[PDB]
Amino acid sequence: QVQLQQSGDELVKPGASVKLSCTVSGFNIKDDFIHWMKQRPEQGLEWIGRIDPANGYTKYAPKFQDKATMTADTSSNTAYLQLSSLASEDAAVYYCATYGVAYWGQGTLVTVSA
């Protein structure tokens, strides 16, 4: 009954920023961490980090510490992933997940233009 609905695909320009969203239904997001993952066909699946929506506390993988910002709003049961200063290697599918890591969103495609 839990659904994680991610925002639509985005074409982004190098040097720009983009903010992705993950709207959760059927689950109180204060009840668990929300995790963000990145997937590229060659470099595979990477864990970006997790946020605790109950207190705002964040933990990032070191390679994402000055690229990604995770936020959340219990008021709207929505988590956000802001990607800054976009570059070619940021083009990827981004996933959110919760309930441990059992339930995943459908993914958001970020493409970066030349």
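Start at 1 and count along the sequence shown; that's the residue number.
A summary of the deposited B-factors shows that, of 34-42 and 60-68, the stretch with the larger mean C-alpha value is 60-68. In this entry, the higher average B-factor at the C-alpha atoms falls on 72-80, of the pair 72-80 and 44-52. In the deposited entry, the Cα temperature factor of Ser25 sits in the middle third of values across the chain's modelled residues. Per-chain ranking of the deposited C-alpha B factor places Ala16 in the highest third.
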